[PDB]
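Form deposited in one PDB entry, single chain, as structure tokens, below.
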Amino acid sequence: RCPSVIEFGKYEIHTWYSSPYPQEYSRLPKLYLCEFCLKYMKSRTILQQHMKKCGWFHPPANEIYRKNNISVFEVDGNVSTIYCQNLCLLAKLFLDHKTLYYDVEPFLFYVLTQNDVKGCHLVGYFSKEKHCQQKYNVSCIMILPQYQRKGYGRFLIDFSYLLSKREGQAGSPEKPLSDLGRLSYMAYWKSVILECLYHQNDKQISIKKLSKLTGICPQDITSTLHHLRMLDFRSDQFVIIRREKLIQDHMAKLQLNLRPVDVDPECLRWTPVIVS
């Protein structure tokens, strides 16, 4: 509703929700955003003038991940504060339940970009609390509309699990999950569990073992196994019943429909480690 449209790089995009841009820009219907620094401006002329002075061609942070034309930048809210507050204002136009936009200092923002000769273009991001008592491995996650349904959301979800698993603790997305989040996370969990069971043939695996190998918390694995119809209960606790054709057919579909956008652990420049 307010603003209703934004210009961002080579696209004009309809907003889904209101975001609290400053009073002067609040009642403005269309905002012009710089695609590199995320500064909000009132007109195309002001944007064109800004683009001549703007020195950034990628987010103001170091590249934690790079493979082919894809990068992830680890942006610290306590360091690139203005950029992160501008990113939060941008994300609120597409996340109805994101409430944090100003106190960004306790958060990290993993900004995903698709790169070409004009720079590192922002595709989306996920934020995470540096220290979360609930072990939420993602606070908010958003892929811009023109980049949705291309495997970027799965990439970022998988990246979030790579970090929380390398730091030895299972995590889960912060709730509530949007409708798209519910579909996306379940598809991720299902694909991960199925590919994990395929590679662990010689092991009567358990929810606990699946949780350690994947970083997915036990309750989310339990829900996923319930969705896959691989749970049974006789007496004390759930037993996993493998549905072999479900496992074997998923792996066959994966071998023909490759995952072109896929997190390669060897392409992280720095990875978490539990300190001695």
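Between two forms, the rigid core is defined as the largest C-alpha subset superposing within 1.5 Å. Residue numbers here begin at 1 and follow the sequence given.
The same protein has a further form, the form deposited in another entry, not shown here; the description that follows concerns it.
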| query | finding |
| --- | --- |
| Rigid core superposition between the shown form and the other one: residue from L47, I64, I70, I207 with Cα shift of 2 Å or more | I207 |
| Large Cα shift (2 Å or above) at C37 between the shown form and the other one, core-fitted | no |
| Displaced residue check between the shown form and the other one: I13, CA, 2 Å or over, core reference | no |
| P260: Cα shift of 2 Å or greater between the shown form and the other one (core-aligned) | yes |
| Outcome for the Cα pair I64, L254 in that other deposited form, compared with this form (closer or farther; change of 3 Å or more) | farther |
| Cα distance between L183 and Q255, which in that other deposited form differs by 3 Å or more from this form, closer or farther | closer |
